[PDB]
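Chemist: I'd like to ask you about the structure that follows.
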Amino acid sequence: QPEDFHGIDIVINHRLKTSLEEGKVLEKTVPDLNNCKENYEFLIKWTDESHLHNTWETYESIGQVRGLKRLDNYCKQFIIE
């Protein structure tokens, strides 16, 4: 019995991983998944059980729950092609 339980339902959107920290700007946009994967966050629509709502996580926190899969198709449908 491996481990692949669901985790990310939908990537509502994304943006620079400011994490309320901010400090410098980057006009390099996001061509591939590295630019983002190296400095970007993503609104993760998690399972809407009742009190849980979309949130803005980052691969450093959603890179291990099936998110990268839906997040990968999101970065390619929104940050790459």
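Bear in mind that the values in this text are calculations on the coordinates, not laboratory data. Because the Cβ atoms are built from the backbone with ideal geometry, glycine has one as well, and the counts that use them run over all protein chains shown.
Chemist: Could you list all residues from region 49-67 that are of a type in the set (A, V, I, L, M, F, W, C), out of contact with any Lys or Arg (no Cβ under 9 Å at 6 or more places or on another chain) and under 16 Å from residue 13 (Cα atoms)?
Modeler: Result: 62, single match.
Chemist: Scanning for something free of Cβ contacts under 8 Å to residues at least 12 places away in the same chain and of a type in the set (A, V, I, L, M), does region 37-60 turn up at least one residue?
Modeler: Checking region 37-60: at least one residue is free of Cβ contacts under 8 Å to residues at least 12 places away in the same chain and of a type in the set (A, V, I, L, M).
Chemist: Looking only at residues that are charged (D, E, K, R) and over 14 Å from residue 61 (Cα atoms) in region 20-44, which one is surrounded by the fewest Cβ atoms within 10 Å (Cβ to Cβ)?
Modeler: 27
Chemist: Against the definition (within 16 Å of residue 69 (Cβ to Cβ), surrounded by 10 or more Cβ atoms within 10 Å (Cβ to Cβ), of a type in the set (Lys, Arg) and within 10 Å of the chain's Cα centre (by Cα)), how does residue 17 come out, yes or no?
Modeler: No.
Chemist: Now, a different point. Filter region 25-46 down to residues that are out of contact with any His (no Cβ under 7 Å at 6 or more places or on another chain) and of a type in the set (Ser, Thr, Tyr), then give me how many there are.
Modeler: Within region 25-46, residues that are out of contact with any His (no Cβ under 7 Å at 6 or more places or on another chain) and of a type in the set (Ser, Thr, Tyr) number 1.
Chemist: Could you say which residue among 25, 65, 11 is β-branched (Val, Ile, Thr) and closer than 21 Å to residue 81 by Cβ?
Modeler: The conditions single out 11.
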